[PDB]
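To start, the structure under review is shown below, and the notes come after it.
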Amino acid sequence: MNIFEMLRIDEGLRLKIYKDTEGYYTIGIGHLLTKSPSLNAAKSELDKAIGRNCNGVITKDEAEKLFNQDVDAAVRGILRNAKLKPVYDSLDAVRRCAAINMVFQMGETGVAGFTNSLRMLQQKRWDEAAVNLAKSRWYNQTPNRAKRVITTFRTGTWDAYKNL
Ligand SMILES: CC[C@@H](C)c1ccccc1
């Protein structure tokens, strides 16, 4: 397992514009197009992202290219953030994937309220961190995915993903 396989499991793959769990227009492997209610706005974002007139549909190669870009952006986001970088650097490779997963899903913004979880992770208090992470809108709104990510932080193994 690696971060691409993990996020592919969590995000799925769809080649036509769809609405994500929050109701936002998305495509490919969890590529958010816009939070605007306008499908036309989403189509325009898609054409800009891909560099051609897509009419709301892309190829698998194009989906995977956006995915590479999005994973890269998530990692860069972590490295540029003074609150996240030190915790990320303290983690082993498997737990780093769990961190990237969260940032991919919620952004640096959506992770703002996780100060206490960040501290517990930095302290390697894995069970405590796991309990804290579940006390979140994140956990309540996407509990199956959150449980997988939290298990990954708790154990430092891929046990939650190995079966899929
Ligand atoms: C706890 C928030 C998540 C995005 C994280 C965890 C450890 C290091 C960086 C980010």
Task: Residue satisfying condition, being assigned to a loop (DSSP other than H, G, I, E, B) and either more than 9 Å from the ligand (Cβ to nearest atom) or within 14 Å of the chain's Cα centre (by Cα) (or both), within set 135, 65, 147 - done: 135
- [ ] Give region 150-164 a look and list any residue that's touching a residue at least 12 places away in the same chain (Cβ under 8 Å) and assigned to a loop (DSSP other than H, G, I, E, B), or say none.
- [x] 156, 157, 158, 164
- [ ] Could you tell me whether region 73-84 includes any residue that is among the small types (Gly, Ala, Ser) and under 11 Å from the mean Cα position of the chain (by Cα)?
- [x] yes
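Please pick out the residue among 73, 82, 112 that is closer than 22 Å to residue 1 by Cα and more than 9 Å from the ligand (Cβ to nearest atom).
Values: 82 fails: closer than 22 Å to residue 1 by Cα; 112 fails: closer than 22 Å to residue 1 by Cα.
One residue alone meets the criteria, 73.
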TODO: Within region 37-62, work out how many residues are assigned to a helix (DSSP H, G or I) and more than 19 Å from residue 23 (Cβ to Cβ).
DONE: 7
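Looking at 20, 47, which one is surrounded by 13 or more Cβ atoms within 10 Å (Cβ to Cβ) and either farther than 30 Å from residue 163 by Cα or over 20 Å from the mean Cα position of the chain (by Cα) (or both)? Even if it seems obvious, please write down each step before you answer.
Values: 20 fails: either farther than 30 Å from residue 163 by Cα or over 20 Å from the mean Cα position of the chain (by Cα) (or both).
Only one candidate qualifies: 47.
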Open item on the list: Could you check region 119-149 and list, in sequence order, the residues that are surrounded by 14 or more Cβ atoms within 10 Å (Cβ to Cβ) and more than 22 Å from residue 159 (Cα to Cα)?
Closed with: 119, 136
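Checking the condition small (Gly, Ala, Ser), touching a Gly at 6+ places or on another chain (Cβ under 7 Å) and on the phi < 0 side of the Ramachandran plot, which residue from 73, 63, 98, 93 passes? Write out each step before concluding.
Details: 73 fails: touching a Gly at 6+ places or on another chain (Cβ under 7 Å); 98 fails: touching a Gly at 6+ places or on another chain (Cβ under 7 Å); 93 fails: touching a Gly at 6+ places or on another chain (Cβ under 7 Å).
Checking each option against the conditions leaves just 63.
Go over the candidates 25, 88 one by one and state the one that is surrounded by 18 or more Cβ atoms within 10 Å (Cβ to Cβ) and closer than 30 Å to residue 126 by Cα.
88
Per-residue answers, yes or no, for (1) among the aliphatic types (A, V, I, L, M); (2) surrounded by fewer than 14 Cβ atoms within 10 Å (Cβ to Cβ); (3) touching a helix residue (DSSP H, G or I) at 6+ places or on another chain (Cβ under 8 Å):
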| site | (1), (2), (3) |
| --- | --- |
| 76 | no, yes, no |
| 80 | no, yes, no |
| 84 | yes, no, yes |
| 94 | yes, no, yes |
| 98 | yes, no, yes |
| 106 | yes, no, yes |
| 112 | yes, yes, no |
| 115 | no, yes, no |
- [ ] Would you please list the contacts, defined by Cβ atoms under 8 Å and residues six or more apart or on different chains, that run from a residue in region 71-98 that is within 18 Å of residue 109 (Cβ to Cβ) to a residue that is outside any helix (DSSP H, G or I) and near the ligand (Cβ under 8 Å from one of its atoms)?
- [x] 84/111
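Might you check whether a residue that is in a helix (DSSP H, G or I), among the polar types (S, T, N, Q) and within 28 Å of residue 24 (Cβ to Cβ) occurs anywhere in region 85-107?
Restricting attention to region 85-107, the residues satisfying the condition of being in a helix (DSSP H, G or I) are 85-90, 93-107.
Remaining after also requiring among the polar types (S, T, N, Q): 90, 101, 105.
Now drop any that are not within 28 Å of residue 24 (Cβ to Cβ), which leaves 101, 105.
So far as region 85-107 goes, yes, one or more of its residues are in a helix (DSSP H, G or I), among the polar types (S, T, N, Q) and within 28 Å of residue 24 (Cβ to Cβ).
Note that each Cβ is placed from the backbone with ideal geometry, even for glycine, and that neighbours are counted across all protein chains shown. No value in this document is a laboratory result; all are computed from the given coordinates.
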